[PDB]
């Protein structure tokens, strides 16, 4: 199995629902950050090595392709960070693969990112995220990898991640750049809420007859998951409160 769909959309743009939609369409796994967090934490250090290679002035792209092939063996599609930041390298590796860009209102995106992924350094909620992550075995190596992959997506060496203007500017620029670099015939821009119609047409499949388009991974659910992880101290003992999570 090889990559058929490359998801270029940023975190908090509907990537987990798209992951679930592609798994329905193809009956084969799709990569997502939640594969790392909940299934393959050993992938963190491999992604870090790939991201480190992007920091060099002249990255060895073939070293990156090699690592990507290893990470993505067995998967038919990618979404979310860290893979989205590698969409150009994936397009070269898989020239027949189609590219998705999931997108949403930038201000809704920023809030979602701040509540789930990248709280500001002085937000007390950041401590709750850290505590709940500790329950999952997630440590500082994960945060470094996630942040470095977002900076690679935004093509920045340093950025003050607490600066909302920079994040909004980079979101807009990233989404613009995808449309500048990917030929339109190979790109579907999927707006949050769009559903099956445009995706199935783009992928040359019928709409799945009696299956609703997924609506997964809301910030409310992620906040509740963090709170329950902290209180109950176990994923397995609370997972049933979050049906369809992983």
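Superpose the two forms; the largest set of C-alphas matching within 1.5 Å is the rigid core. Positions refer to the first chain, counted from 1.
- Here 51-59 and 64-72 are scored by the root mean square distance of their C-alpha atoms in 4 other deposited structures of this protein, with each structure fitted by the rigid core; the higher score goes to 51-59.
- The PDB entry reports B-factors from which the mean C-alpha value can be compared for 173-181 and 53-61; the larger average falls on 53-61.
- Here 127-135 and 94-102 are compared by their mean Cα B-factor, and 127-135 comes out higher.
- Set against one another, the Cα B-factors of 38, 196, 47, 26 in the record reach their highest point at 38.
- Highest CA B-factor among 121, 112, 79, 85, as stated in the entry: 121.
- Ranked by Cα temperature factor within the chain, residue 68 sits in the lowest third according to the deposited record.
- Ranked by Cα temperature factor within the chain, residue 154 sits in the lowest third according to the deposited record.
- Ranked against the other modelled residues of its chain, the C-alpha B-factor of residue 211 as given in the entry falls in the highest third.
- Ranked against the other modelled residues of its chain, the C-alpha B-factor of residue 75 as given in the entry falls in the middle third.
- Residue-level temperature factors show residue 229 in the middle third of its chain, judged at the C-alpha atom.
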